[PDB]
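One chain follows as structure tokens, the form deposited in one PDB entry.
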């Protein structure tokens, strides 16, 4: 109430066939699944329930300061291309198109998992100007951790796994939603980083449930590499090969009572369809967190 971030009147109004031409422009753009999903996730995940600031509306991912955040350094590499596309289409905002990109990325992911879901998209976002994006006040929002992206700074404040809860609650996520969300993001190759931490799959960019299966496989022994236990390795008990690395955000999903009961739904033989759905559902939740006009 006391601080609101201004947004401009929409200068665009895409029809359902604009959108579809846009999805096909993004699809033919050269951006990988992981680049698509990263740029969208990085737009949307600034949301803070209650305060209601941040979110994907306004494309402030493209503005200062978010554009310089360490968390975003890889996500932001996608913007030149998406910008070029928004400008040549002229049917929709950078904001709407950063999100649509995530949408193309998830569906493309899911159709490699030999799935075929449609990711609900909601048009209408506008682009904020730098002048409606107060630097000092979005500075407060730079995240200390985003376990959805396996990002973690300032190792002396609180803990990696507690910051995961905090983050998820900020986005108003339920436990299954965080869960679905984390396991999806891992397999789509959306760490903030190049890290392979938690990327438990041979096929990155396939929206599989590998994260959950591999997470709970007794074939794998997990051990901290050093006294901080910020980094683990999953060694294959058979071959003795180090197959996987993991952070605390990855592994808390197998240590915690509640998170674990959820990961086994999703590691279940028959669960793929259930997880993909739940991912898409939680995915669209985050994308739309700030879409007040719509509700």
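Here the rigid core means the biggest group of C-alpha atoms that line up within 1.5 Å when the two forms are laid on top of each other. Positions refer to the first chain, counted from 1.
Set 192-200 against 109-117 and average the Cα temperature factors; 109-117 ends up higher. Judged by mean Cα B factor in the deposited record, 122-130 ranks above the other of 143-151 and 122-130.
Per the deposited record, 51 carries the highest C-alpha B-factor of all listed residues (226, 241, 51, 233). Looking at 250, 270, 35, 68, the one whose CA carries the top B-factor in the deposited record is 270.
Split the chain's modelled residues into thirds by C-alpha temperature factor. Residue 158 is in the highest one. The entry lists a Cα temperature factor for residue 256 that places it in the highest third of the chain's modelled residues. Annotation for residue 84: CA B-factor lies in the middle third of the chain's modelled residues. When the modelled residues of the chain are ordered by C-alpha B-factor, residue 136 sits in the highest third. For residue 64, the recorded CA B-factor ranks within the middle third of the chain. Only modelled residues enter the ranking.
Unshown form deposited in another entry; subsequent notes refer to it.
Here the rigid core is superposed between this form and the one not shown, and of 121, 138, 151, 220 the C-alpha of 138 is the only one to shift by 2 Å or more. Taking 2 Å as the criterion, residue 289 does not count as shifted between this form and the one not shown: its C-alpha moves by less than this amount when the rigid core is aligned. The pair residue 138 and residue 36 is at least 3 angstroms farther apart at the CA level in the other form than in the present model. Closer approach of the C-alpha atoms of residue 81 and residue 9, by 3 angstroms or more, is seen in the other form than in the present form.
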